[PDB]
Each structure stands twice: as C-alpha cells, then as structure tokens.
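There is one chain below, alone, in structure tokens, taken in the form deposited in one PDB entry.
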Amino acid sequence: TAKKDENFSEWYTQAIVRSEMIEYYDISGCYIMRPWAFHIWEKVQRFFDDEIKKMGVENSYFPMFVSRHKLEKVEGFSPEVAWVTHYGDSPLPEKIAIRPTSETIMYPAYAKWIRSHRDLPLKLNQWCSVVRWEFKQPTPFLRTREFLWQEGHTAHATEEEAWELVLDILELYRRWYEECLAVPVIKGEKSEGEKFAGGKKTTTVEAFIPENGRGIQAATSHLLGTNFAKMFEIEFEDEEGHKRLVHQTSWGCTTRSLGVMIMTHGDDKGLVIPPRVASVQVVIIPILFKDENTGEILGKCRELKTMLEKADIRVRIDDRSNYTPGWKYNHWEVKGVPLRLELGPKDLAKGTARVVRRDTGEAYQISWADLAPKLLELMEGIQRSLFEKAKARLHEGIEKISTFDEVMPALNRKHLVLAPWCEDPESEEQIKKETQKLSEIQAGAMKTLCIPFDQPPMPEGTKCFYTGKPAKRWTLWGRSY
C-alpha cells in the first residue's frame, strides 16, 4: 500500500512485514529472523568466511560474560553494563556483566598469547550476536536490541602489514555488498571525529539511500595502531630482543547489510532479492484450483524442479490449494523472489513455461528443454541489472560543490555533497550544528560520511568549502543514519 518514494519508513515496515523476513517478539527491539532473511545472512556469511579463511583468519568463540572484578580493576554498543545477578531465584555470589565489548576479553588473551615475533601475525574472527541496550525507535535490521555480525581482530609486528590487512578486509566488504547484495558502496576514510575512538585510522564502505537522501555506513575496518597494545600490554620481543608493541586491526559487518539491501532494491510492490542470496531463486506456481489436482500439472512441476536443481537453482513449488494463482503471484512478488515460473494447462499443452522477472516484470515463454540455461542467464542479468541501476542512482545522488552556499540546496534535493575540506575537526562539529539549525529554521544535521579513496584532482590553492582555509581532500558529506 505505502509507496517507497512517498512514505519510505512506512514502505520499509510494510515490505518487511509482508515478505515474512522477520517476526515480532515480546521484548522490545528484538526481531526473529525467519529463513527468508536468515538465508541471506547464511550466504554472505559463507562468502566472507571463505575469503577470510584464505587470509589465514581463524574463527573462535569468547564467553559473553565479564566479571565485576575485571571491569572494576573500550567503547561498546552501550554506555553502561547489563548485569546478571541471579540464577533462578538464587542471587549469584558476585554479579556478572554481559561483556560491553569483545576487546575487554580478547585483548588480555592476546597479551598472554603473544610473546615473540614468532607469534605474529595473530588473526582471529568471531561470528556472534551483539546486544544494545539504548536503541531508539527500533526497526528491523537498522535499530535493534540484538543483531548478528562478525568481528575480526588481528595483531601484527608492523603497521604496514596491519594496514595491508585493513584494506584487504575493506575490499572483502566491498565484495560482500557489491557482488552478493548488488549494493554499490564507496570506500573511504572516516573523519577524525567519526573514526573509532582509540584507533589510528578507520576505513569504511558507505552506501546511499536515495528515498531519504541519507548515507549509511555499510561496514568498517580499523587500523587500531598501538594504542590498545599499550593499554593491554600486548608486547612482543623482536628479532633483536627488544620489546615492541603489536599493531592491531579490527573489523566488523552486521545484519544491517540486509536492511541496506532491502532499501536499495525494493520497489512499490515489495522486496526484490538479488538471485545470489535469495533463499528461493525460482518459484514454480502451478495454475491450479482446489480439489482439481489430476497430477498432470504438479507432475511436470516436479520434473521441472528436479531439472532446475541439477543446475544448482534453488526452487520451490507453491502447490498450496487454498490460494488462487494470482494470490501466489502477489505473495511471491512481495517476498521478492527473483523469478516466477508459471505452469498451467496451456503451458503443458505447448511444452513451454511462462517466466517472469521480479525486477522489471518482463515475461518469457521458454521451452522446457531451455529452462535451465535461460534461467541461469536471467538470474545473472537480474543480479547485474540490480547493481548497475543502484550504482546509477548512487552517482546521481552526489553533487560536487565548492562553497557552503551550495550545501542546503543539495541537501534539499536529498543528495550528498562532495566538497573540498580542510579536515579540521572543530569545523565538522560547526558544520553539523549549523546545517542542523538551518534545517530547523527551514521547516537534520549533515556530517562527514567518508573521505573517499577515489580522490578527484585538487587544484592548487582550493579552499575549504566551509572555513575558507586551504582544502586538504575531497570529503563526502550528507544527512546520515
């Protein structure tokens, strides 16, 4: 009912409801991931895990609790600590905390495990859930009490090796978004005001939501440097016998990616799932009505399913008798299955099937023998087309500007701005506050999204679009999630 361009958050809520991706729950901010959503997580998890295993990153599991004494005697997703005080009706002798971060457990372990240069590099990953206690206005995948992620943490003898890993991981995050989810992203560096607190440098991939003009951070990969090694005394004796601090990285990516995929590819009809991650790629809809199944149509449906599955196509036959074919068409459209295969009496009488693409609605009459190759072709086409259209929208959403008087216009067009910036942090705070004020008066704030790796030329003497001081680099700004 709600149109994506007119009432975006209503559209998002409804499209997620009707798609059966999630279910509600009696504790606020929590959402059940049903298979239609969880399978997408499984796909990107397998891709990213295969790739980091090639880099020698090994998975691990740390306890979810920290002792009161370890906390009393690192910035997390919650400012305060959640305490477990009882088991059943019995008070614990000492209350324990749900860990605010994994770093508080992992880094003391790293300080024990690393003693010598022979022990480096150390590369660990953990797939797990994460809890937040101070979410506001929850919404599936974007603002939740609990989400899923992977977090990698590595330690190296040199900063050069650590940085190399940071960038390799950022490239894997680009591939996670662009090759699996068909979502284009922009590689860049965070501002001093937006990077990880105690780290040296934060790199990020950023996406864009045209319907509200907002940038959204897709994933991050931090050069932590030696600051945490000094805090946690993670030292190694080098080849010459001198004690040195390790150079660390950490990197994470969450189920927020599913939300970004949803928002990127949905239309007024509902979700559109990229074929590479869809739980079902082709739904076979028999043109049947209740109490009339002779076996002719369902038998051919089953033969077609077998044939498609031998080409590794994920197929479901919706043979539920109590629904009309048109009901099923709309049901699977709203889920965003990328292809629908229609088989009725006429198709049986002709040796063909009618196949409809979800992204464009185009229909193809395809002989049974041709189904498996043609479908593979179509799915790649759909995947590619989903990405390129999104990429086009991304580039139409960014305006390259020179001066501050160009900001509020572009923000009113629901656009990001790429502007020469002196990178002075106080100026980012000033720009946020005054774009926020301006927005208020006009009826919010605009902040740095990233400093892109891809830098256009900077003419000699170009001045900062805000302070008028010498500009350092081109910086991508916008309203933000």
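Numbering starts at 1 and follows the sequence shown. Basically, rigid core = biggest C-alpha set you can superpose within 1.5 Å across the two forms.
Although not depicted, the form deposited with a small molecule bound is the subject of the following passage.
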Although the partner isn't part of this model, could you tell me whether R174 comes within 4.5 Å of the small molecule in the deposited bound form, counting any heavy atom of the residue?
no
Taking the small molecule as it sits in the deposited bound form, is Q217 near enough to touch it, meaning that at least one heavy atom pair lies within 4.5 angstroms?
yes
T254: touches the small molecule in the deposited bound form, heavy atom cutoff 4.5 angstroms:
yes
Is there a non-hydrogen atom of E134 within 4.5 angstroms of a non-hydrogen atom of the small molecule in the deposited bound form?
yes
Counting only non-hydrogen atoms, choose the one of 365-373, 405-413, 378-386, 254-262 that falls within 4.5 Å of the small molecule in the deposited bound form.
254-262
Considering the small molecule in the deposited bound form, which of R244, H331, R145, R314 comes within 4.5 Å of it through any heavy atom?
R145
Just to be sure I understand the contacts: of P325, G213, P138, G344, which is the one whose heavy atoms reach within 4.5 angstroms of the small molecule in the deposited bound form?
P138
Which listed residue, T294, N212, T403, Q365, is the one whose CA shifts 2 angstroms or more between this form and the one not shown with the rigid core aligned?
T294
Residue shift check between this form and the one not shown, rigid core fit, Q430 Cα at least 2 Å:
no
Can a Cα shift of no less than 2 Å be assigned to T101 between this form and the one not shown, given superposition on the rigid core?
yes
By the 2 angstroms cut-off, has the C-alpha of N59 moved between this form and the one not shown once the rigid core is superposed?
no
A change of 3 Å or more separates this form from the other: in the deposited bound form, the C-alpha atoms of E206 and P100 are closer
